[PDB]
file my_file.tsv (TSV, C-alpha atoms and all ligand atoms)
chain	number	residue	atom	x	y	z
A	5	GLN	CA	-25.32	5.71	52.09
A	6	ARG	CA	-21.70	6.77	51.47
A	7	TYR	CA	-19.81	9.53	53.34
A	8	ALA	CA	-16.73	11.37	52.01
A	9	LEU	CA	-14.42	13.76	53.85
A	10	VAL	CA	-12.40	16.26	51.80
A	11	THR	CA	-9.56	18.30	53.28
A	12	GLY	CA	-8.77	21.82	52.18
A	13	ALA	CA	-12.22	22.15	50.67
A	14	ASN	CA	-13.09	25.83	51.10
A	15	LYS	CA	-11.59	26.68	47.66
A	16	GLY	CA	-9.76	25.28	44.67
A	17	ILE	CA	-9.72	21.61	43.71
A	18	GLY	CA	-11.08	20.51	47.08
A	19	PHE	CA	-14.20	22.63	46.72
A	20	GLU	CA	-14.85	21.10	43.29
A	21	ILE	CA	-14.21	17.56	44.62
A	22	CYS	CA	-17.02	18.23	47.11
A	23	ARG	CA	-19.29	19.36	44.27
A	24	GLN	CA	-18.64	16.31	42.12
A	25	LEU	CA	-19.02	13.77	44.94
A	26	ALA	CA	-22.20	15.41	46.18
A	27	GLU	CA	-23.65	15.25	42.67
A	28	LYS	CA	-23.18	11.47	42.88
A	29	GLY	CA	-25.37	11.40	46.04
A	30	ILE	CA	-22.44	10.94	48.41
A	31	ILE	CA	-22.84	12.90	51.62
A	32	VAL	CA	-19.79	15.15	51.81
A	33	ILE	CA	-18.03	16.53	54.88
A	34	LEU	CA	-16.51	19.74	53.55
A	35	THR	CA	-13.61	20.62	55.85
A	36	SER	CA	-11.35	23.63	56.11
A	37	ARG	CA	-8.84	25.03	58.53
A	38	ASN	CA	-10.59	28.41	58.80
A	39	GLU	CA	-14.13	28.07	60.11
A	40	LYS	CA	-15.48	31.20	58.43
A	41	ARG	CA	-14.10	30.28	55.03
A	42	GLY	CA	-15.44	26.75	55.36
A	43	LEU	CA	-18.94	27.78	56.43
A	44	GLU	CA	-19.13	30.30	53.59
A	45	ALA	CA	-17.87	27.65	51.17
A	46	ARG	CA	-20.56	25.26	52.36
A	47	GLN	CA	-23.23	27.95	51.90
A	48	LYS	CA	-22.06	28.75	48.36
A	49	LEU	CA	-21.80	25.13	47.30
A	50	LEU	CA	-25.18	24.19	48.76
A	51	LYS	CA	-26.67	27.04	46.76
A	52	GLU	CA	-24.91	25.98	43.55
A	53	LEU	CA	-25.77	22.29	44.03
A	54	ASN	CA	-29.38	23.28	44.82
A	55	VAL	CA	-29.75	20.23	47.10
A	56	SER	CA	-31.03	19.75	50.62
A	57	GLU	CA	-29.01	20.79	53.69
A	58	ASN	CA	-28.09	17.26	54.77
A	59	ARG	CA	-26.07	16.57	51.61
A	60	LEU	CA	-23.14	18.76	52.69
A	61	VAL	CA	-21.76	18.96	56.28
A	62	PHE	CA	-19.09	21.38	57.45
A	63	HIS	CA	-16.39	20.58	60.00
A	64	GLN	CA	-13.23	22.46	60.83
A	65	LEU	CA	-10.00	20.62	60.07
A	66	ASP	CA	-6.41	21.83	60.02
A	67	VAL	CA	-4.34	18.81	58.97
A	68	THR	CA	-1.24	20.16	60.79
A	69	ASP	CA	-3.13	20.35	64.15
A	70	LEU	CA	-3.28	16.96	65.88
A	71	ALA	CA	-6.22	18.02	68.08
A	72	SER	CA	-8.11	19.13	64.99
A	73	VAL	CA	-7.45	15.78	63.33
A	74	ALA	CA	-8.58	13.88	66.42
A	75	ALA	CA	-11.73	15.98	66.73
A	76	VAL	CA	-12.96	15.32	63.23
A	77	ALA	CA	-12.61	11.52	63.78
A	78	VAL	CA	-14.75	11.84	66.94
A	79	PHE	CA	-17.34	13.86	65.01
A	80	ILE	CA	-17.62	11.36	62.15
A	81	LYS	CA	-17.95	8.47	64.60
A	82	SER	CA	-20.75	10.19	66.50
A	83	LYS	CA	-22.67	11.52	63.50
A	84	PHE	CA	-22.25	8.81	60.81
A	85	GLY	CA	-20.55	5.77	62.37
A	86	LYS	CA	-18.22	5.13	59.41
A	87	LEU	CA	-16.40	6.84	56.58
A	88	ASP	CA	-16.28	5.57	53.01
A	89	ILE	CA	-13.99	8.06	51.24
A	90	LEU	CA	-11.11	10.21	52.47
A	91	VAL	CA	-9.65	12.75	50.02
A	92	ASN	CA	-6.36	14.25	51.27
A	93	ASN	CA	-6.44	17.38	49.15
A	94	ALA	CA	-5.02	20.17	51.39
A	95	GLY	CA	-1.60	21.33	50.28
A	96	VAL	CA	0.86	24.22	50.14
A	97	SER	CA	3.85	24.83	47.84
A	98	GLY	CA	6.54	25.92	50.33
A	99	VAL	CA	7.34	28.87	48.02
A	100	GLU	CA	7.12	32.63	48.73
A	101	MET	CA	7.12	34.83	45.63
A	102	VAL	CA	9.06	38.07	45.35
A	103	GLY	CA	8.40	40.35	42.42
A	104	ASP	CA	6.51	39.13	39.40
A	105	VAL	CA	4.37	36.19	40.55
A	106	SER	CA	4.13	34.64	37.08
A	107	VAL	CA	7.67	33.40	37.71
A	108	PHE	CA	5.90	30.62	39.70
A	109	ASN	CA	4.26	29.53	36.45
A	110	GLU	CA	7.58	29.75	34.59
A	111	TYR	CA	9.11	27.20	36.99
A	112	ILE	CA	6.05	24.95	36.70
A	113	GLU	CA	6.34	24.94	32.90
A	114	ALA	CA	10.09	24.30	33.07
A	115	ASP	CA	9.65	21.39	35.48
A	116	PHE	CA	6.94	19.68	33.39
A	117	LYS	CA	9.26	19.92	30.41
A	118	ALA	CA	12.15	18.53	32.46
A	119	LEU	CA	9.99	15.67	33.73
A	120	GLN	CA	8.99	14.78	30.18
A	121	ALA	CA	12.64	14.64	29.18
A	122	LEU	CA	13.60	12.54	32.21
A	123	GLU	CA	10.67	10.18	31.57
A	124	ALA	CA	12.01	9.80	28.01
A	125	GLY	CA	15.40	8.71	29.33
A	126	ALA	CA	17.34	11.93	29.71
A	127	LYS	CA	19.82	11.63	32.51
A	128	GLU	CA	19.90	15.25	33.73
A	129	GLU	CA	17.42	17.95	34.71
A	130	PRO	CA	18.14	21.12	32.68
A	131	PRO	CA	19.14	24.17	34.75
A	132	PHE	CA	16.50	26.89	34.81
A	133	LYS	CA	16.30	30.60	35.57
A	134	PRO	CA	13.13	32.62	34.97
A	135	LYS	CA	12.60	35.40	32.47
A	136	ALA	CA	10.27	37.77	34.33
A	137	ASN	CA	11.35	39.95	37.21
A	138	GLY	CA	10.42	37.66	40.11
A	139	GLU	CA	11.86	34.82	42.10
A	140	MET	CA	10.74	31.83	44.11
A	141	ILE	CA	11.98	32.09	47.68
A	142	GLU	CA	12.34	28.78	49.52
A	143	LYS	CA	13.01	29.09	53.22
A	144	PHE	CA	13.04	26.63	56.09
A	145	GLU	CA	9.73	27.78	57.60
A	146	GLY	CA	7.89	27.37	54.31
A	147	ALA	CA	9.52	24.00	53.70
A	148	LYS	CA	8.52	22.74	57.15
A	149	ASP	CA	4.94	23.91	56.61
A	150	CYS	CA	4.97	22.20	53.23
A	151	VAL	CA	6.23	18.88	54.63
A	152	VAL	CA	3.91	18.98	57.65
A	153	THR	CA	0.86	19.82	55.49
A	154	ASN	CA	1.55	17.71	52.41
A	155	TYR	CA	3.08	14.58	53.96
A	156	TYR	CA	2.42	14.46	57.71
A	157	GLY	CA	-1.14	15.75	57.16
A	158	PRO	CA	-2.33	12.89	54.94
A	159	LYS	CA	-0.42	10.35	57.00
A	160	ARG	CA	-1.89	11.50	60.32
A	161	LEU	CA	-5.40	11.89	58.98
A	162	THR	CA	-5.23	8.45	57.32
A	163	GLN	CA	-4.11	6.92	60.61
A	164	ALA	CA	-6.83	8.69	62.60
A	165	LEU	CA	-9.61	7.56	60.26
A	166	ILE	CA	-8.61	3.90	59.72
A	167	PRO	CA	-11.14	2.59	62.29
A	168	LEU	CA	-14.00	4.44	60.57
A	169	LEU	CA	-12.86	3.58	57.04
A	170	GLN	CA	-12.68	-0.10	58.12
A	171	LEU	CA	-16.43	0.02	58.60
A	172	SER	CA	-17.01	0.88	54.93
A	173	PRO	CA	-17.78	-1.85	52.43
A	174	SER	CA	-15.43	-0.12	49.93
A	175	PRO	CA	-12.89	2.03	51.84
A	176	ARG	CA	-11.21	4.62	49.60
A	177	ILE	CA	-8.35	7.03	50.23
A	178	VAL	CA	-7.22	9.46	47.54
A	179	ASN	CA	-4.07	11.47	48.11
A	180	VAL	CA	-3.81	14.58	45.95
A	181	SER	CA	-0.12	14.49	45.12
A	182	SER	CA	1.57	16.13	42.14
A	183	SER	CA	3.66	15.08	39.15
A	184	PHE	CA	6.59	16.81	40.86
A	185	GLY	CA	6.74	13.96	43.41
A	186	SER	CA	8.47	11.89	40.73
A	187	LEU	CA	11.66	10.31	42.00
A	188	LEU	CA	13.19	11.46	38.71
A	189	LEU	CA	13.00	15.00	40.09
A	190	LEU	CA	14.17	14.30	43.63
A	191	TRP	CA	17.96	14.61	42.94
A	192	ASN	CA	19.02	13.06	46.28
A	193	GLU	CA	20.35	9.56	45.52
A	194	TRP	CA	19.99	8.30	49.10
A	195	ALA	CA	16.37	9.49	49.29
A	196	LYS	CA	15.50	8.10	45.84
A	197	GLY	CA	16.82	4.70	46.86
A	198	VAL	CA	14.93	4.71	50.17
A	199	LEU	CA	11.61	5.88	48.76
A	200	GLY	CA	11.98	3.50	45.81
A	201	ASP	CA	12.93	0.34	47.77
A	202	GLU	CA	9.38	-0.93	48.20
A	203	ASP	CA	10.22	-4.10	50.05
A	204	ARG	CA	11.93	-2.11	52.84
A	205	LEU	CA	9.55	0.88	52.83
A	206	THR	CA	8.14	1.88	56.17
A	207	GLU	CA	6.75	5.01	57.69
A	208	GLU	CA	9.97	5.32	59.69
A	209	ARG	CA	12.05	5.38	56.50
A	210	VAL	CA	9.91	8.10	54.89
A	211	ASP	CA	9.83	10.22	58.04
A	212	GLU	CA	13.63	9.97	58.11
A	213	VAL	CA	13.93	11.18	54.50
A	214	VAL	CA	11.80	14.26	55.03
A	215	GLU	CA	13.50	15.10	58.32
A	216	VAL	CA	16.96	14.98	56.73
A	217	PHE	CA	15.69	17.36	54.06
A	218	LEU	CA	14.28	19.78	56.62
A	219	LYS	CA	17.52	19.76	58.61
A	220	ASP	CA	19.49	20.45	55.41
A	221	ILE	CA	17.36	23.44	54.46
A	222	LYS	CA	17.41	24.67	58.08
A	223	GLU	CA	21.07	24.27	58.80
A	224	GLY	CA	22.85	25.10	55.59
A	225	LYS	CA	22.31	25.89	51.94
A	226	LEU	CA	20.45	23.55	49.63
A	227	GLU	CA	22.52	24.67	46.61
A	228	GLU	CA	25.40	22.77	48.29
A	229	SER	CA	23.20	19.73	48.95
A	230	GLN	CA	21.97	16.97	46.66
A	231	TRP	CA	18.36	18.08	47.06
A	232	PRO	CA	16.39	19.70	44.19
A	233	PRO	CA	17.40	23.14	42.91
A	234	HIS	CA	13.88	24.55	43.31
A	235	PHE	CA	10.41	23.43	44.37
A	236	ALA	CA	12.43	21.44	46.84
A	237	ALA	CA	9.85	20.98	49.60
A	238	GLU	CA	7.09	20.36	47.04
A	239	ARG	CA	9.15	17.60	45.43
A	240	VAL	CA	10.20	16.00	48.71
A	241	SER	CA	6.77	16.18	50.35
A	242	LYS	CA	4.91	14.81	47.34
A	243	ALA	CA	7.47	12.02	46.84
A	244	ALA	CA	7.00	11.20	50.52
A	245	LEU	CA	3.22	11.23	50.08
A	246	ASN	CA	3.51	8.80	47.15
A	247	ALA	CA	5.67	6.51	49.27
A	248	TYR	CA	3.23	6.60	52.17
A	249	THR	CA	0.45	5.81	49.69
A	250	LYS	CA	2.28	2.57	48.89
A	251	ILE	CA	2.93	1.85	52.59
A	252	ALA	CA	-0.69	2.34	53.53
A	253	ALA	CA	-2.01	0.34	50.58
A	254	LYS	CA	0.11	-2.65	51.64
A	255	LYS	CA	-0.93	-2.32	55.30
A	256	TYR	CA	-4.68	-2.02	54.46
A	257	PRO	CA	-5.30	-4.37	51.51
A	258	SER	CA	-9.06	-4.20	51.77
A	259	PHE	CA	-8.85	-0.49	51.10
A	260	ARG	CA	-8.03	1.12	47.76
A	261	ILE	CA	-5.47	3.87	48.52
A	262	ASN	CA	-4.01	5.85	45.63
A	263	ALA	CA	-2.16	9.08	44.86
A	264	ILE	CA	-2.96	11.27	41.88
A	265	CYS	CA	-1.88	14.37	40.03
A	266	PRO	CA	-4.87	16.46	38.86
A	267	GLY	CA	-2.88	18.22	36.15
A	268	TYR	CA	-1.85	21.86	35.99
A	269	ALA	CA	-4.96	23.80	36.93
A	270	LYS	CA	-6.14	27.34	37.70
A	271	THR	CA	-6.28	27.78	41.49
A	272	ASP	CA	-4.91	30.18	44.11
A	273	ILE	CA	-1.78	28.04	44.45
A	274	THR	CA	-0.95	28.59	40.73
A	275	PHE	CA	-2.14	32.24	40.63
A	276	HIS	CA	-5.01	30.90	38.48
A	277	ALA	CA	-2.72	29.91	35.63
A	278	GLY	CA	-2.54	26.59	33.90
A	279	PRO	CA	-4.47	24.86	31.13
A	280	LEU	CA	-7.15	23.10	33.23
A	281	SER	CA	-10.16	24.51	35.02
A	282	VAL	CA	-10.67	23.64	38.68
A	283	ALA	CA	-13.65	21.43	37.70
A	284	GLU	CA	-11.45	19.57	35.20
A	285	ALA	CA	-8.75	19.07	37.85
A	286	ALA	CA	-11.16	17.57	40.39
A	287	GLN	CA	-12.17	14.88	37.89
A	288	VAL	CA	-8.96	13.00	38.69
A	289	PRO	CA	-9.28	12.55	42.49
A	290	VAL	CA	-13.02	11.93	42.06
A	291	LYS	CA	-12.19	9.13	39.58
A	292	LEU	CA	-9.99	7.38	42.18
A	293	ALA	CA	-12.50	7.99	44.97
A	294	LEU	CA	-15.09	6.01	42.94
A	295	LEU	CA	-12.64	3.27	41.85
A	296	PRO	CA	-14.43	-0.11	41.70
A	297	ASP	CA	-13.45	-2.82	44.12
A	298	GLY	CA	-10.36	-4.69	43.02
A	299	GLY	CA	-8.86	-1.75	41.15
A	300	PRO	CA	-5.26	-0.71	41.52
A	301	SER	CA	-4.04	0.31	44.95
A	302	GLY	CA	-0.84	1.80	46.23
A	303	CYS	CA	-0.18	3.60	42.92
A	304	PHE	CA	0.49	7.13	41.66
A	305	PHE	CA	-1.58	8.18	38.64
A	306	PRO	CA	-1.04	11.31	36.57
A	307	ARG	CA	-4.13	12.83	35.07
A	308	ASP	CA	-4.52	10.94	31.81
A	309	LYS	CA	-3.71	7.56	33.36
A	310	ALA	CA	-6.20	8.23	36.16
A	311	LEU	CA	-8.99	9.15	33.80
A	312	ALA	CA	-8.40	6.07	31.65
A	313	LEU	CA	-8.55	3.57	34.53
A	314	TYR	CA	-12.20	2.66	33.93
B	1	LIG	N1	-3.57	23.54	40.90
B	1	LIG	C1	-2.64	22.72	40.38
B	1	LIG	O1	-2.16	22.90	39.30
B	1	LIG	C2	-2.21	21.51	41.18
B	1	LIG	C3	-1.44	20.56	40.51
B	1	LIG	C4	-1.02	19.42	41.18
B	1	LIG	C5	-1.37	19.24	42.49
B	1	LIG	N2	-2.12	20.17	43.12
B	1	LIG	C6	-2.50	19.90	44.53
B	1	LIG	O2	-3.86	20.15	44.67
B	1	LIG	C7	-4.14	20.35	46.08
B	1	LIG	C8	-5.16	21.46	46.25
B	1	LIG	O3	-4.53	22.71	45.93
B	1	LIG	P1	-5.24	23.71	44.92
B	1	LIG	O4	-4.58	23.71	43.60
B	1	LIG	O5	-6.70	23.50	45.02
B	1	LIG	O6	-4.83	25.10	45.61
B	1	LIG	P2	-5.59	26.14	46.56
B	1	LIG	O7	-6.75	26.71	45.89
B	1	LIG	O8	-4.51	26.99	47.15
B	1	LIG	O9	-6.25	25.27	47.71
B	1	LIG	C9	-5.46	24.69	48.76
B	1	LIG	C10	-6.39	24.26	49.85
B	1	LIG	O10	-5.59	23.64	50.90
B	1	LIG	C11	-5.98	24.26	52.11
B	1	LIG	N3	-4.98	24.07	53.14
B	1	LIG	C12	-3.67	24.50	53.19
B	1	LIG	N4	-3.06	24.21	54.32
B	1	LIG	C13	-4.02	23.54	55.05
B	1	LIG	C14	-4.03	22.98	56.34
B	1	LIG	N5	-3.00	23.08	57.20
B	1	LIG	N6	-5.16	22.37	56.77
B	1	LIG	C15	-6.22	22.37	55.97
B	1	LIG	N7	-6.35	22.90	54.76
B	1	LIG	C16	-5.20	23.46	54.34
B	1	LIG	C17	-6.24	25.70	51.71
B	1	LIG	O11	-6.90	26.36	52.80
B	1	LIG	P3	-6.85	27.97	53.04
B	1	LIG	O12	-7.86	28.65	52.17
B	1	LIG	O13	-7.10	28.13	54.51
B	1	LIG	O14	-5.42	28.39	52.66
B	1	LIG	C18	-7.14	25.42	50.51
B	1	LIG	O15	-8.44	25.03	50.94
B	1	LIG	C19	-2.77	20.54	46.77
B	1	LIG	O16	-2.42	19.40	47.58
B	1	LIG	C20	-1.82	20.76	45.59
B	1	LIG	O17	-0.48	20.30	45.83
B	1	LIG	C21	-2.52	21.29	42.51
call {"tool": "encode", "arguments": {"input": "my_file.tsv", "output": "structure tokens", "more": "lines below"}}
Ligand SMILES: NC(=O)c1ccc[n+]([C@@H]2O[C@H](COP(=O)([O-])OP(=O)(O)OC[C@H]3O[C@@H](n4cnc5c(N)ncnc54)[C@H](OP(=O)(O)O)[C@@H]3O)[C@@H](O)[C@H]2O)c1
result
Amino acid sequence: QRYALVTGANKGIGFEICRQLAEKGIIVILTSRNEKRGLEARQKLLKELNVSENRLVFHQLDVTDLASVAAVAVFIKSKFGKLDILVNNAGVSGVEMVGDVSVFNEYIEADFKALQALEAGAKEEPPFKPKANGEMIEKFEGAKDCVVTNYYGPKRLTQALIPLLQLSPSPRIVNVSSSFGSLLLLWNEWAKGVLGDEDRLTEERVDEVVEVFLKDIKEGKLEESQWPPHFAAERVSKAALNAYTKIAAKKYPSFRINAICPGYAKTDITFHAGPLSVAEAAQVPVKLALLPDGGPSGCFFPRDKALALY
């Protein structure tokens, strides 16, 4: 029997990851930071799956709360004795909208277009201002929450669950990153060199990058910095997550540890805009959670590359 834990699973992609793994016969620990939302999610999904009660287990988990993280490791040890699959799905954007919320989608569309141009060799990210009457507000508190959730969360939960994952015959970690973690989007030349220098990459180096970013947004104005012009904490945190994916994969070679982008999908975080359904999005992390032994590890896969892997 295989056991999978999914973070941020009361809604969105994480809820659908739980569905798709459970349909494979994997026993899923659906976790969520709010107990009521998670219990209700478990009830709804058990109904929709139409399977017996033991196929889906709820446990509270806030990935920014070190006691919460420790407690779920104790629970898994006592109830199951091992873990086979960890999906680090929980995430936040670091952005507060003012005015017309579809401005969030305007910036997403602009940044995918910019990434395509940079991936094709363009040297510069085009400047962007939105059309509709709204703006993305990026403050220190949001950025800190974004970094602590998106980067420290997966790192700390990975570290807490290593002893249980080591008892699996095929240990799997999937980190739900985003395409906006590309170093092409990160702007900061020091940080791009650090996160890109794989032979010198350590957890200490990545922690240092994100802490310099947070100090910069706290203490001054990012427009004067060499950090990104917008989605700054999203970019930094997801780049840091991708780097930690590589660090962990090298440290735990018997595991397969990968980062993915699910594609642009309709969830609360995107105001339910984007071309993909939430079921379509979850296909990507599920694909890497079921990767056969010997497959790639330590990598970042965007959607189409992920789905083509086998
Ligand atoms: N949708 C897209 O287009 C897209 C594209 C690329 C990457 N992603 C990534 O996909 C992941 C899932 O987001 P989504 O699109 O499914 O959005 P979503 O519907 O907003 O779901 C986010 C989930 O994360 C949970 N969460 C947030 N902070 C948490 C914390 N401290 N501890 C535990 N759970 C926490 C949320 O819980 P609450 O209900 O309590 O807030 C919710 O369950 C994120 O990591 C995001 O960066 C999404």
call {"tool": "residues_near_ligand", "arguments": {"input": "my_file.tsv", "ligand": "ligand LIG 1 (chain B)", "cutoff": "6 Å", "atoms": "all atoms listed in the file", "output": "PDB file with C-alpha atoms, in the frame of the given file"}}
result
ATOM      1  CA  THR A  11      -9.560  18.300  53.280  1.00  0.00           C
ATOM      2  CA  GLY A  12      -8.770  21.820  52.180  1.00  0.00           C
ATOM      3  CA  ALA A  13     -12.220  22.150  50.670  1.00  0.00           C
ATOM      4  CA  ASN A  14     -13.090  25.830  51.100  1.00  0.00           C
ATOM      5  CA  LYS A  15     -11.590  26.680  47.660  1.00  0.00           C
ATOM      6  CA  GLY A  16      -9.760  25.280  44.670  1.00  0.00           C
ATOM      7  CA  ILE A  17      -9.720  21.610  43.710  1.00  0.00           C
ATOM      8  CA  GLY A  18     -11.080  20.510  47.080  1.00  0.00           C
ATOM      9  CA  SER A  36     -11.350  23.630  56.110  1.00  0.00           C
ATOM     10  CA  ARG A  37      -8.840  25.030  58.530  1.00  0.00           C
ATOM     11  CA  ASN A  38     -10.590  28.410  58.800  1.00  0.00           C
ATOM     12  CA  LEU A  65     -10.000  20.620  60.070  1.00  0.00           C
ATOM     13  CA  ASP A  66      -6.410  21.830  60.020  1.00  0.00           C
ATOM     14  CA  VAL A  67      -4.340  18.810  58.970  1.00  0.00           C
ATOM     15  CA  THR A  68      -1.240  20.160  60.790  1.00  0.00           C
ATOM     16  CA  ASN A  93      -6.440  17.380  49.150  1.00  0.00           C
ATOM     17  CA  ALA A  94      -5.020  20.170  51.390  1.00  0.00           C
ATOM     18  CA  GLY A  95      -1.600  21.330  50.280  1.00  0.00           C
ATOM     19  CA  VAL A  96       0.860  24.220  50.140  1.00  0.00           C
ATOM     20  CA  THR A 153       0.860  19.820  55.490  1.00  0.00           C
ATOM     21  CA  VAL A 180      -3.810  14.580  45.950  1.00  0.00           C
ATOM     22  CA  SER A 181      -0.120  14.490  45.120  1.00  0.00           C
ATOM     23  CA  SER A 182       1.570  16.130  42.140  1.00  0.00           C
ATOM     24  CA  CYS A 265      -1.880  14.370  40.030  1.00  0.00           C
ATOM     25  CA  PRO A 266      -4.870  16.460  38.860  1.00  0.00           C
ATOM     26  CA  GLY A 267      -2.880  18.220  36.150  1.00  0.00           C
ATOM     27  CA  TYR A 268      -1.850  21.860  35.990  1.00  0.00           C
ATOM     28  CA  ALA A 269      -4.960  23.800  36.930  1.00  0.00           C
ATOM     29  CA  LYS A 270      -6.140  27.340  37.700  1.00  0.00           C
ATOM     30  CA  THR A 271      -6.280  27.780  41.490  1.00  0.00           C
ATOM     31  CA  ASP A 272      -4.910  30.180  44.110  1.00  0.00           C
ATOM     32  CA  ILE A 273      -1.780  28.040  44.450  1.00  0.00           C
ATOM     33  CA  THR A 274      -0.950  28.590  40.730  1.00  0.00           C
TER      34      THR A 274
END
call {"tool": "closest_residue", "arguments": {"input": "my_file.tsv", "among": "A:106, A:120, A:301, A:137", "to": "residue A:177", "atoms": "only C-alpha atoms"}}
result
A:301
call {"tool": "closest_residue", "arguments": {"input": "my_file.tsv", "among": "A:304, A:132, A:259, A:314", "to": "residue A:184", "atoms": "only C-alpha atoms"}}
result
A:304
call {"tool": "closest_residue", "arguments": {"input": "my_file.tsv", "among": "A:175, A:257, A:85, A:289", "to": "residue A:302", "atoms": "all atoms listed in the file"}}
result
A:257
call {"tool": "closest_residue", "arguments": {"input": "my_file.tsv", "among": "A:312, A:171, A:101, A:243", "to": "residue A:81", "atoms": "all atoms listed in the file"}}
result
A:171
call {"tool": "atom_distance", "arguments": {"input": "my_file.tsv", "atom1": "atom CA of residue A:31", "atom2": "atom CA of residue A:311"}}
result
22.9 Å
call {"tool": "residues_around", "arguments": {"input": "my_file.tsv", "residues": "residue A:205", "least_positions_apart": "2", "cutoff": "12 Å", "atoms": "all atoms listed in the file", "output": "list in words"}}
result
residues 195, 196, 197, 198, 199, 200, 201, 202, 203, 207, 208, 209, 210, 211, 212, 213, 244, 246, 247, 248, 249, 250, 251, 252, 253, 254 and 255 of chain A
call {"tool": "write_last_selection", "arguments": {"input": "my_file.tsv", "atoms": "C-alpha atoms", "output": "CSV table (one decimal), in the frame of the given file"}}
result
chain,number,residue,atom,x,y,z
A,195,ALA,CA,16.4,9.5,49.3
A,196,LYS,CA,15.5,8.1,45.8
A,197,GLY,CA,16.8,4.7,46.9
A,198,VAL,CA,14.9,4.7,50.2
A,199,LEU,CA,11.6,5.9,48.8
A,200,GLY,CA,12.0,3.5,45.8
A,201,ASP,CA,12.9,0.3,47.8
A,202,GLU,CA,9.4,-0.9,48.2
A,203,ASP,CA,10.2,-4.1,50.0
A,207,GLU,CA,6.8,5.0,57.7
A,208,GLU,CA,10.0,5.3,59.7
A,209,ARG,CA,12.0,5.4,56.5
A,210,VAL,CA,9.9,8.1,54.9
A,211,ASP,CA,9.8,10.2,58.0
A,212,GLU,CA,13.6,10.0,58.1
A,213,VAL,CA,13.9,11.2,54.5
A,244,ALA,CA,7.0,11.2,50.5
A,246,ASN,CA,3.5,8.8,47.2
A,247,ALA,CA,5.7,6.5,49.3
A,248,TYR,CA,3.2,6.6,52.2
A,249,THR,CA,0.4,5.8,49.7
A,250,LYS,CA,2.3,2.6,48.9
A,251,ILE,CA,2.9,1.8,52.6
A,252,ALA,CA,-0.7,2.3,53.5
A,253,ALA,CA,-2.0,0.3,50.6
A,254,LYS,CA,0.1,-2.6,51.6
A,255,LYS,CA,-0.9,-2.3,55.3
call {"tool": "residues_near_point", "arguments": {"input": "my_file.tsv", "point": "(-9.9, -2.3, 43.9)", "cutoff": "9 Å", "atoms": "all atoms listed in the file", "output": "PyMOL selection string"}}
result
chain A and resi 174+258-261+295-301
call {"tool": "atom_distance", "arguments": {"input": "my_file.tsv", "atom1": "atom CA of residue A:307", "atom2": "atom CA of residue A:156"}}
result
23.6 Å
call {"tool": "atom_distance", "arguments": {"input": "my_file.tsv", "atom1": "atom CA of residue A:122", "atom2": "atom CA of residue A:178"}}
result
26.0 Å
